[PDB]
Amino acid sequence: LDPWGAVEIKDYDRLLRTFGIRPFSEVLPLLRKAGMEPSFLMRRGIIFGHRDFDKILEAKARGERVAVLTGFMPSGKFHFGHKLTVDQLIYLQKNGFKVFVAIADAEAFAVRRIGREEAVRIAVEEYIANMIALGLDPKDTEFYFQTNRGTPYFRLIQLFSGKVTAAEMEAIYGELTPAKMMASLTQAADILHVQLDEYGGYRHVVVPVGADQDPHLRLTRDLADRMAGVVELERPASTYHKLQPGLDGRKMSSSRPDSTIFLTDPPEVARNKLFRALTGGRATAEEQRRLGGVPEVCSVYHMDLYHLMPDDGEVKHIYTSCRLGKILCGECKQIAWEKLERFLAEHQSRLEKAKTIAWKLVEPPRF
């Protein structure tokens, strides 16, 4: 009777301990002392790990302003993979964190060959505007473009290039083009620059990521240590989330549009994508009733768990019912659909106004 899936995380939390990644539960008491209750993603163990988030919460409890930072590639449409990250920002923002959102338009240009005008458009109208419509505060959130962030941020990138080898970078990202080399240093600057006085002096910063992104984060923490004597930087903290599988059971992508719901999908389009999702269902109505289903492998159940059913009781009932033989996939899908239809409609009603607001929250680069 395992709705949260504790046994799926004990298996590799052993291996991640090698990199100093800890179970998230060890910060519960610090989370309390900081006056914070866990979010539902924390309760459900979707946020399963942390490194140094205790130090962040210690700073926060003695009254220091603390920050969270993440970046977005302005390519393709905003989807529920992206929403999971923003939802973790909004939680932290409501609990007092300064939020920084980097737009990776330099990487978009140099690595992905995305045009300047288009990167900027997509960043504002697809990324920033969807983030605002989700509930990220337009006033207090600091959005910026990698190509328009200013001298002190770029000076770190210049000085970092002396503190890492080609082999170190190769180990993380593969073949080392000038563009991928630049992107790797710029991403470390995205994390660390908020610690400079020019950007507000936020020494304690947490970055929410998947495990698969830890190698770059470790190179960033090395860069902080290697800058000692030049500029004093703290190693960034991190929280670790399990990635939501796409509706096909493969990785969630704007590329493979059928297995990702976009936040801008019209209701008929989203419903059909949802109804086509892979489930843990069985041969037939008949066989499902005797044995029940397998929520552990069902992308509908993961949509409920990660997004559509914040209420623990309600998503437990789905799990129980499916595991007891009480529910078929057709009805389970329409239940998830009704939650999604309401979410999309309220979100989309906010989006045209968010887009207007968005063009005023940033200075686009001149070229």
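Numbering starts at 1 and follows the sequence shown.
K.L.:
Using only C-alpha atoms and the B-factors in the entry, which stretch averages higher, 278-286 or 216-224?
P.N.:
Per the PDB entry, the higher value belongs to 278-286.
K.L.:
When the Cα temperature factors in the entry are averaged, is it 15-23 or 339-347 that ends up higher?
P.N.:
The entry gives the higher C-alpha B-factor average to 15-23.
K.L.:
Based on what the PDB entry reports, which of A59, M303, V68, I327 has the top C-alpha B-factor?
P.N.:
Going by the entry's C-alpha B-factors, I327 comes out highest.
K.L.:
Would you mind checking which of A123, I172, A102, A237 has the top Cα temperature factor in the PDB entry?
P.N.:
By C-alpha B-factor in the record, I172 ranks first.
K.L.:
Split the chain's modelled residues into thirds by Cα B-factor; is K139 in the lowest, middle or highest one?
P.N.:
Within its chain, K139 is a highest-third residue by C-alpha B-factor, going by the deposited values.
K.L.:
With respect to C-alpha B-factor, does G201 fall in the lowest, middle or highest third of the chain as deposited?
P.N.:
As the PDB entry reports it, the C-alpha B-factor of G201 lands in the lowest third of its chain.
K.L.:
Please say which third, lowest, middle or highest, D265 falls into when its CA temperature factor is compared across its chain.
P.N.:
As the PDB entry reports it, the C-alpha B-factor of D265 lands in the middle third of its chain.
K.L.:
Looking at the entry's B-factor column for C-alpha atoms only, identify whether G76 ranks in the lowest, middle or highest third of its chain.
P.N.:
Middle third.
K.L.:
Looking at the entry's B-factor column for C-alpha atoms only, identify whether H193 ranks in the lowest, middle or highest third of its chain.
P.N.:
Its C-alpha B-factor, which the entry lists for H193, ranks in the lowest third among residues of this chain.
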